[PDB]
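Just the one chain here, laid out as structure tokens, in the form deposited in one PDB entry.
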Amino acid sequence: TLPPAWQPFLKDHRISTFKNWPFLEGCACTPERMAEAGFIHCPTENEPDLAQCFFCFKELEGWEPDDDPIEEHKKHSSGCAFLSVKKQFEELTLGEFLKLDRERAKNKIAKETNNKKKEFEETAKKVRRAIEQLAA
């Protein structure tokens, strides 16, 4: 086994996160392909087909049977290292892996920082809204 934090590096673990995925058997964006492209399944009320790259954390919804997880991945996050890892998990050296887990950790941080930023911006709109109604 691997510590939980590094399990999503395993393709077969990423697959297993796909429970109740609509596009199965004869589609292009099959669970295996979603997985091979680094995607993990994480549904919500609004978006039920929401998927996220375990590495860069980009989120994509609105999938269609003809979609190719890999091109979609490129198209929305071309600066994602996982998109370069040519070797398979076992073929990597602890040094390469550790370098990767660290890029990922920065990635995480970047996403968390980008969210906190969106929220701040949202709060700003509200405060601006309030001051305006009040300044009237």
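C-alpha atoms forming the largest set that superposes within 1.5 Å between two forms make up the rigid core. A residue's number is simply how far along the shown sequence it sits, counting from 1. Residues that one form lacks are left out of the comparison.
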**Average Cα temperature factor in the PDB entry - higher stretch of 69-77, 42-50** = 42-50
**Fill in**
The stretch whose C-alpha atoms carry the larger average B-factor in the entry, 17-25 or 120-128, is 17-25
**Message:** For the chain shown, is the CA B-factor of residue 82 in the lowest, middle or highest third of its modelled residues?
**Reply:** middle
**Prompt:** Lowest, middle or highest third: where is residue 57 by Cα B-factor in its chain?
**Reply:** middle
**Message:** Using the temperature factors of the C-alpha atoms in this entry, rank residue 36 within its chain: lowest, middle or highest third.
**Reply:** lowest
**Request:** Tell me, lowest, middle or highest third: where does the Cα B factor of residue 96 rank within its chain?
**Result:** middle
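We do not show the form deposited with a partner chain bound, though everything after this point is about it.
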**Message:** Taking the partner chain as it sits in the entry with it bound, is residue 56 in contact with it (heavy atom to heavy atom, 4.5 Å or less)?
**Reply:** no
**Message:** Residue-level contact is defined here as any heavy atom of the residue lying within 4.5 Å of the partner chain in the entry with it bound; does residue 35 satisfy this criterion?
**Reply:** no
**Message:** Since only the chain is shown here, I'm wondering whether residue 60 would be in contact with the partner chain in the entry with it bound (any heavy atom pair within 4.5 Å).
**Reply:** yes
**Message:** Taking the partner chain as it sits in the entry with it bound, is residue 72 in contact with it (heavy atom to heavy atom, 4.5 Å or less)?
**Reply:** yes
**Message:** Where exactly does the backbone move between the shown form and the other one? Looking for runs of 3+ consecutive residues, each with a CA shift of 2 angstroms or more after core alignment.
**Reply:** 125-136
